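Below you will find one chain, with nothing else, as structure tokens; this is the form deposited in one PDB entry, and questions on how it binds or moves follow later.
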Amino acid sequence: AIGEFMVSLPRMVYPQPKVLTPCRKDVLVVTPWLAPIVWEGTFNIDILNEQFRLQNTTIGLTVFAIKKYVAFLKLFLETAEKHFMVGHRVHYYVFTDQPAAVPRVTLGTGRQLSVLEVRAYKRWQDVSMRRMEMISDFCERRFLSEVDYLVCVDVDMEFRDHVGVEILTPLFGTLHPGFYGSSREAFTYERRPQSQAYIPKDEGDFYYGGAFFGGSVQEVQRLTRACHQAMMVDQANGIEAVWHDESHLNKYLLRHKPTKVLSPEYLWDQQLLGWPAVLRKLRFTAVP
């Protein structure tokens, strides 16, 4: 459940937070709108796990495996079993054009998987973009009744370390690994005013990655509906945003600030970027 009566935490023995010691001295851990930026060292997972288990939290995870991308599912799901929300209720939603071709991955207790058949678009750009419509079509069909939070990710990825309830919040985006140290002028936002995704050069907080966002079902419905409707306006006007759904996601999260931001620990590419000292954990990574 979300927003229901919260019982009292049990007694717990853990290290005292020290008010006069920063938890990170190398990174920003809170946005200027007071949203936590989630890095290792910012959270005590034992406290968070208690809070979320006492609410009987169910997390849905959406992933699209269309055309040849079904090949990515086995590793994606096996590694999610090892690292994603372990101990909590999880419902995987695998959207595919090949519903008999989903690998038979063994799931832990309290975890289930549904296969949702969808059409395949010809262009990769359309496959990627149309996830927003498809996720929003499914909020009413399933998600409102089945889960508390939705996490929406790319499939060509693997979990390498813990991804848990520290991410859960009404609305989150994730810092794209290519831009976390960049100034806003260098962010690859859509820069043509003719597009609904347009962001001026003097605006922008962060460059969020299209491959990892989420929130409560209500907030994810809002985001995905808004991005789809913006895409359809652009289509009617003969323009396609430079980075497709990621461009629209960035416009949405500029105007509707997320209540948590995930660090690039949660969205990485070791082939392209190595393992900087600032990443204490590499949690969710590109398959090379």
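Take the two forms, superpose them, and find the largest set of C-alpha atoms that agree within 1.5 Å; that set is the rigid core. So that there is no doubt, residue numbering starts at 1 and follows the sequence shown.
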Between 139 to 147 and 121 to 129, which has the larger average Cα B-factor in the PDB entry? 139 to 147
Mean temperature factor over C-alpha atoms, higher-scoring stretch between 271 to 279 and 15 to 23: 15 to 23
Looking at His176, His162, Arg89, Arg104, which has the highest CA B-factor as recorded? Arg104
Kindly indicate the residue among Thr79, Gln112, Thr169, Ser183 with the greatest C-alpha B-factor in the PDB record. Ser183
Where the record places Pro99 (Cα B-factor, split into thirds across the chain): highest
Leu254 CA temperature factor, ranked by third within the chain: lowest
Comparing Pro193 with the other modelled residues of its chain, is its CA B-factor in the lowest, middle or highest third? highest
Taking the chain's C-alpha temperature factors as the reference, tell me which third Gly238 falls into: lowest, middle or highest. highest
Lowest, middle or highest third: where is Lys201 by Cα B-factor in its chain? highest
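Another form, the form deposited in another entry, is not on view; read the next lines as being about it.
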Once the rigid core is superposed, exactly one of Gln196, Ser128, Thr79, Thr188 has its CA displaced by 2 Å or more between this form and the one not shown; which residue is that? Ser128
Note on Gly238-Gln125 C-alpha separation in the other form, which departs from the shown form by 3 angstroms or more: closer
Kindly indicate if, in the other form, the C-alpha atoms of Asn237 and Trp124 are closer or farther apart than in the structure shown, bearing in mind the change is 3 Å or more. closer
